[PDB]
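Engineer: Got a structure for you, questions after.
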Amino acid sequence: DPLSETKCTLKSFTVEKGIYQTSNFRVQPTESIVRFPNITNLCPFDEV
Amino acid sequence: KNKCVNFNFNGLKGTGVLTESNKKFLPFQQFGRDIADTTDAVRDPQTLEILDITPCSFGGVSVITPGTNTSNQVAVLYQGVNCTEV
Amino acid sequence: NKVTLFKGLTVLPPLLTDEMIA
Amino acid sequence: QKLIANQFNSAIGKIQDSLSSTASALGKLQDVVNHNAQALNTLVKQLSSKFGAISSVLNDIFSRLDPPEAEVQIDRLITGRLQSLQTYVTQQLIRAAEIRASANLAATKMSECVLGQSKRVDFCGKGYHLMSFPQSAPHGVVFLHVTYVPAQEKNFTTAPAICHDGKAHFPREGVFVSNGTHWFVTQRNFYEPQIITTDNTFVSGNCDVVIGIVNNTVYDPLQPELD
Amino acid sequence: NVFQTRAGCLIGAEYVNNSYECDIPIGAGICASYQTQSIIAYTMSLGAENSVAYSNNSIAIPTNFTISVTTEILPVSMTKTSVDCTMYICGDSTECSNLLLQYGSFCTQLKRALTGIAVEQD
Amino acid sequence: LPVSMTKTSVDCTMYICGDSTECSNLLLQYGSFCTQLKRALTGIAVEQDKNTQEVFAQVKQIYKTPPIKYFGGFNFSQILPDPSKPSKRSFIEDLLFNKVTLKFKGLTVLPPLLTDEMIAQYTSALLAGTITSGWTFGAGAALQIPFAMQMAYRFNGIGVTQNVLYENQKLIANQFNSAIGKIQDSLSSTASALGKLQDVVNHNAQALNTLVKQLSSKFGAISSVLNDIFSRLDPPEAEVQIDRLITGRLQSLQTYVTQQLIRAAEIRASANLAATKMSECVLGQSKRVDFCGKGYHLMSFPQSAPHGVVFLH
Ligand SMILES: *[C@@H]1O[C@H](CO)[C@@H](O[C@@H]2O[C@H](CO)[C@@H](O)[C@H](O)[C@H]2NC(C)=O)[C@H](O)[C@H]1NC(C)=O
Ligand SMILES: *[C@@H]1O[C@H](CO)[C@@H](O)[C@H](O)[C@H]1NC(C)=O
Ligand SMILES: *[C@@H]1O[C@H](CO)[C@@H](O)[C@H](O)[C@H]1NC(C)=O
Ligand SMILES: *[C@@H]1O[C@H](CO)[C@@H](O)[C@H](O)[C@H]1NC(C)=O
Ligand SMILES: *[C@@H]1O[C@H](CO)[C@@H](O)[C@H](O)[C@H]1NC(C)=O
Ligand SMILES: *[C@@H]1O[C@H](CO)[C@@H](O)[C@H](O)[C@H]1NC(C)=O
Ligand SMILES: *[C@@H]1O[C@H](CO)[C@@H](O)[C@H](O)[C@H]1NC(C)=O
Ligand SMILES: *[C@@H]1O[C@H](CO)[C@@H](O)[C@H](O)[C@H]1NC(C)=O
Ligand SMILES: *[C@@H]1O[C@H](CO)[C@@H](O)[C@H](O)[C@H]1NC(C)=O
Ligand SMILES: *[C@@H]1O[C@H](CO)[C@@H](O)[C@H](O)[C@H]1NC(C)=O
């Protein structure tokens, strides 16, 4: 509970009236992608 | 595109949200940097399109408390966050 | 008019806006 | 009243011309803005600094080194950036102390100049203070101090006191002033020659104890009345 | 052109006996300014010399006056900056963030100081 | 009151690395640290000159003392300049100068913009203005007025009527002369009179000494001299020791600059107080009960000092 997190930040079980910057927020990635060029120059092992 | 994703563009590992850009790279520039060397923009290796690298949404959260002696109700302020998202 | 002006660094807005200062 | 009002209007009008023509009239607030911008820019610049590490980017450190070997590089980068941020905090604290001093001065000047009148010399602007006006600024306050300055001064001869009837007279206000032929009492900051009488002078002792005392008539308005 | 000053040796400026209210301070009472077509260095002028006419029996009194307005500028506040330890220190990466915990309560101190500054501005 | 510090500059490379080119190459990797160091030191240096001008340059033009230095019994020879000495300082100013006692591997002291002679001329202008005109030259155009009438004004400023002066001009003049004369005797006999201004010089010299002495510190390295490290060890593990020494020396220099900024804040406060006292005590008479010294104020006189100002309240 953000009140519980505020209590932890103050290291107290009672929180006085006010505004407390308890922690930070950040959005995690949804997935992963990779980009590369048209790497298609196959070695001559195929023809060998 | 248009959502937070871990990206690798022929190297240049990073995380962010990808959007199409109007900045015109020269025929030899692969990626761009803003002031203080932030990887602001990149060129798609395959489609050769120009994409910005915008950092994922972040900000501090502050809890408004009327005093635990008064009540346990609280309101949370997401600093710098637009209500169009979390 | 005469005076004019992330990587974890942000600027909070002041409590008193320019309109209230005026 | 008309001349003084016109002078005030002209001065207020010229304030805008002075502000716009001057290249760095608002330099003090721009200094705070530039200090903050430079502090942030240098703090960001330190991220690219390697601090003796093989690279200034964490991903390469974690990529081309084993965790046991990369731990020293990570420790170096972390301690360097922690030191940089602590230096930033210390500079912010010092500049905040300076800003607090400036803001206390600004509040005192508001209270004294704007909410009152200041007898302090050279506090509410240069000159005999009349009043002041506050103007909002992005990160400060601009005071349009209204001041009074003497002009068109003229030489005169004076004596500390006027001896009459064997007794010395001294002025309630101003100075004993004469152009050379007639003696008049005049207020200090604006030439207003008054006729010398008992109304504007008081007696103290006999005349031989005063150095440079002179003689002149001191009319008594009761005598013409002859009640 | 070379000139010697208590602050050091100056090259590229010509010393002139004239005294002016100066623009660029070099030191030891020596300044420099654009002559107009050349750079000239000179001793500072502290303003005009005024032997005010003192006497044991003379006074000067203003017969007129002017009411003038001058602008004073004083900063009152500064930007309220906030800093995130993890993102700045190591760019929001998990491996680095895990190790950063070992350094203790530095961030609490720094953020407390910054919040105090922010509240002081208000 | 102290008004300024000794303008000091530090050269990174000569301090951290000395004559070592290999160390100089490594120091680049630590970023803009030295840029911040030199910018802060330059800011302090400019602030010293700003403080000096704000204190002493309050009068726009130099007033000259009249050739006939008679002021109705008042005697200012002890505070007015003496042409005999090469620098025209006053006897009390000379004693103040005498009493206060005053590139080593990158540490240098830059000279102030205003020379001692220029500050003496500024003080002489402030004096001549005060004795000849009173508070008029602080409000605008200076206007001559004999010192007897200025003093009568000032008695009327403390509620005491004018006649108290004229009826007792000679006794008051003798009292003022004796009070002025006792100052040199008190200063000469009391060697600790100028501690308040000797302390700043002592702290500056002591900070410089601790900065110089700390180079001997090994900071946990094998040796404190870089040349031995570079000669004895090959680059691979030599760089580890050089990093330790460089980190230690950067930390010491950063601490020095932080202390310099903290002390510059105090000196700036002192210079602001000195300017305020000049304005409210010399260019006028202060109703402020205890600002221009103990007791009901009459007037004050400034005297130059090596890094401050002395007020004869
Ligand atoms: C007020 O006090 C002053 C200072 O003590 C007195 O002046 C002294 O008077 C004695 C006796 O006449 C002289 O011997 C001293 O030389 C005086 N001092 C100075 C500095 O001139 C003064 O007499 C006192 N006035 C009254 C009315 O008692
Ligand atoms: C890669 O191939 C695709 C499909 O043929 C093409 O659309 C794209 O332009 C190619 N990119 C490059 C850089 O050749
Ligand atoms: C809780 O404490 C605060 C702070 O003293 C006070 O303002 C408030 O009235 C208290 N609430 C109640 C319900 O007593
Ligand atoms: C939030 O986002 C919406 C939609 O993009 C936009 O209309 C609005 O102006 C934004 N508000 C702020 C404060 O950025
Ligand atoms: C008074 O007369 C002297 C001598 O002529 C002159 O220098 C001075 O400027 C005069 N003062 C005024 C206020 O006119
Ligand atoms: C001085 O002023 C008086 C004012 O009544 C005038 O009568 C007199 O002629 C003046 N004298 C001189 C010398 O200007
Ligand atoms: C004033 O008049 C008295 C009596 O006539 C005389 O003794 C005295 O000398 C006069 N003073 C001056 C300054 O002329
Ligand atoms: C400046 O004055 C000195 C001393 O009189 C003289 O030797 C020198 O030639 C002068 N310089 C010029 C450029 O006039
Ligand atoms: C005032 O000064 C003049 C010029 O020095 C002098 O002749 C005169 O005697 C002085 N006044 C007195 C009362 O001594
Ligand atoms: C002023 O005082 C000094 C020191 O007491 C003395 O030598 C000098 O003669 C005095 N001057 C006058 C004019 O009394």
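Residue 1 is the first one shown; counting continues down the chain.
When the header is checked for method, it gives electron microscopy, 2.9 Å.
A Cβ is built for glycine as well, from the same backbone N, Cα and C atoms used for every other residue.
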Engineer: Quick one: Swiss-Prot says D:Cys113 makes a disulfide with which of D:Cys124, D:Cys163?
Structural biologist: D:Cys124
Engineer: Using C-alpha positions only, work out which of the recorded positions D:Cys113, D:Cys124, D:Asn155, D:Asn179, D:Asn215 is nearest to D:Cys163 (disulfide bond).
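Structural biologist: Checked the recorded positions D:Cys113, D:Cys124, D:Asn155, D:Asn179, D:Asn215; minimum Cα distance to D:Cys163 (disulfide bond) goes to D:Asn215.
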Engineer: Return the members of D:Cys124, D:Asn155, D:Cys163, D:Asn179, D:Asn215 (the recorded positions) with CB less than 6 angstroms from at least one atom of ligand 7, or none.
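Structural biologist: Near ligand 7, sequence order: D:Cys163, D:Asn215.
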Engineer: Kindly point out which of the recorded positions D:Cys113, D:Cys124, D:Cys163, D:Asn179, D:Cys207, D:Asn215 have a C-beta less than 6 Å from some atom of ligand 5.
Structural biologist: none
Engineer: Using a Cβ cut-off of under 8 Å to chain E, which of the recorded positions D:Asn155, D:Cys163, D:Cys207, D:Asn215 qualify?
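Structural biologist: The recorded positions close to chain E are D:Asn155.
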Engineer: Since the record lists D:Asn155, D:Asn215 as glycosylation sites, which of them has the fewest other Cβ atoms within 10 Å of its Cβ?
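Structural biologist: Each of the glycosylation sites D:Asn155, D:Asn215 was scored by Cβ atoms within 10 Å; lowest is D:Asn215.
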Engineer: Taking DSSP three-state, what's D:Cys163 (disulfide bond) in: helix, strand or coil?
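Structural biologist: D:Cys163 (disulfide bond) sits in a strand per DSSP.
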Engineer: Provide, as an integer number of angstrom, the distance between the C-alpha atoms of D:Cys113 (disulfide bond) and D:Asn179 (N-linked glycosylation site).
Structural biologist: 37
Engineer: Taking the Cα atoms as reference points, how far is D:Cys124 (disulfide bond) from D:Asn155 (N-linked glycosylation site) in Å?
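Structural biologist: Rounded to the nearest whole number, the Cα-Cα distance is 29 Å.
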Engineer: Can you list which of the recorded positions D:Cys113, D:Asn155, D:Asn179, D:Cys207, D:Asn215 have their Cβ under 6 Å from some atom of ligand 6?
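Structural biologist: D:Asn179, in sequence order.
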Engineer: So which of the recorded positions D:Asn155, D:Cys163, D:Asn179, D:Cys207 sit close to ligand 3, that is, with a CB under 6 Å from an atom of it?
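Structural biologist: Once distances to ligand 3 are taken from each Cβ, none falls under 6 Å.
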